[PDB]
Amino acid sequence: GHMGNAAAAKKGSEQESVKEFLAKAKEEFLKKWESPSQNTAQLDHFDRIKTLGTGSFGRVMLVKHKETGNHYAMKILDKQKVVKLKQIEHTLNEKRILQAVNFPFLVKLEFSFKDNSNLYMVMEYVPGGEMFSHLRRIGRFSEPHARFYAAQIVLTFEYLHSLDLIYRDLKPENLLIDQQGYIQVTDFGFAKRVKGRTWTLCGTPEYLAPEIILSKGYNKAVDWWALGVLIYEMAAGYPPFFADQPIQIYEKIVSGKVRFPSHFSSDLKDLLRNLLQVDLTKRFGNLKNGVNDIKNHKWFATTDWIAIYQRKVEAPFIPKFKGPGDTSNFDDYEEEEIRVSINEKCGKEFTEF
Amino acid sequence: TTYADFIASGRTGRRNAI
Ligand SMILES: CCCNCCNS(=O)(=O)c1cccc2cnccc12
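Here the protein sequences line up with chains E and P, keeping their order. For what it's worth, the numbering used here labels the leading residue of the first sequence as 130, then goes sequentially. For what it's worth, the numbering used here labels the leading residue of the second sequence as 21, then goes sequentially.
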């Protein structure tokens, strides 16, 4: 067979240790899921420094906690705008997820609070910028570089899916690089906690699995498709399906004919054909062997999964740090005033935030 | 080339969710 006694026992034991880990992780998650934290700071505790970008349904500002000097990334959601866009439940659920999950590659919610006008999610400041920026700056990542990031996403999805969470917005734009060069997943505005099938058309066009586009329902395997898209884009510098307009992108996704740059290794092409697989009886991450079909694939043969989790692997890129509160790794964005009405808006709809 | 097609697509910048 492929493994002798020692290697087979080692792999078996590793796979059982993931099960034990996930069982404890679920216990911890459910306690926070059922009893969320609320109202852990207020706006005048923070100096507003600079806009870092956007997240679903809002804008993200670098802030400095006045009493400590610590910097954070604060997402500001305008309650009236959220109501108009029919995103009340999404925004409540994002905060509920963020305060309940705990994983080394998931951005942490350090504080949350609300006022008459807005909701505020104060997250860790991840100073290295978006993966998107670095990828577009250097064109494409080497396979070892892409694999280091991909491994973090594999582990993160293994964790999330064990909690019945589907992420649904994987893309380089949502992945931030921390000071040690590891990835932080942001934006749970499209995530859903559901067992089995769901139907919502949501996500980012280039990353949608065929079954999201089509009327049929879908499950967590859409995230494994999206991983395929991400790995392809990291290694190629462009995604596997693109076009001028989303409708044309969807046609290409549903057709599903993937082609690869000539520099892709055979191992990479094999993994991607198994992730970018229309047939759900064949897509990796959706089979009897679950996530192990991915983790044990030859393209990941050099990946020490525990060492990635423990953050003991040397990252391929360490972002420059100019000092506390430096934003040199970010684009500049329009600076919008934070206005707080003297009248409470939408109080009943956002009671749970 | 595929890369040139990508550059001509107008979708090389940040992509928003639907
Ligand atoms: C379609 C483009 C999507 N851009 C998503 C990332 N936006 S962001 O960079 O303002 C950001 C967001 C959330 C947490 C952050 C934590 N530290 C830094 C930045 C953060």
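Even for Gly, the Cβ is constructed at its ideal location relative to N, Cα and C.
Interface criterion met: the Cβ of E:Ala-372 is under 8 angstroms from a Cβ in chain P. Assignment of E:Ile-471 by DSSP, reduced to helix, strand and coil, places it in the coil class. Per the coordinates, the alpha-carbon of E:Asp-207 lies some 14 angstroms from the alpha-carbon of E:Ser-241. Taken through DSSP and simplified to helix, strand or coil, E:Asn-247 comes out as strand. Residues of chain P whose Cβ lies closer than 8 angstroms to the Cβ of E:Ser-185 are, in chain order, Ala-37.
At a cut-off of 7 angstroms, the beta-carbon of E:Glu-464 does not count as near ligand 1: no heavy atom of the ligand is closer than that. At least one heavy atom of ligand 1 sits closer than 7 angstroms to the Cβ of E:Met-252. Counting C-beta pairs closer than 8 angstroms gives fewer than three between the region 252 to 259 of chain E and the region 136 to 149 of chain E, which falls short of the contact rule. In the structure shown, E:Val-192 falls within a strand segment according to DSSP collapsed to helix, strand and coil.
Contact annotation: E:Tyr-288 and E:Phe-232 have beta-carbon atoms nearer than 8 angstroms. Within 7 angstroms of the C-beta of E:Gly-452 there is not a single heavy atom belonging to ligand 1. For E:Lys-179, no alpha helix (DSSP H) run applies; the uninterrupted beta strand (DSSP E) run containing it begins and ends at 175 to 184, by DSSP. Distances from the CB of P:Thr-32 to the heavy atoms of ligand 1 are all 7 angstroms or more. Taking C-alpha positions only, E:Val-442 is separated from E:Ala-436 by approximately 6 angstroms. Scanning chain P for C-beta atoms nearer than 9 angstroms to the C-beta of E:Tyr-254 yields nothing, as the closest lies near 19 angstroms away.
Residue-level contact check: E:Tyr-367 touches chain P, since one or more beta carbons of chain P fall below 8 angstroms from its beta carbon.
DSSP places E:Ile-378 in the uninterrupted alpha helix (DSSP H) bounded by 375 to 384.
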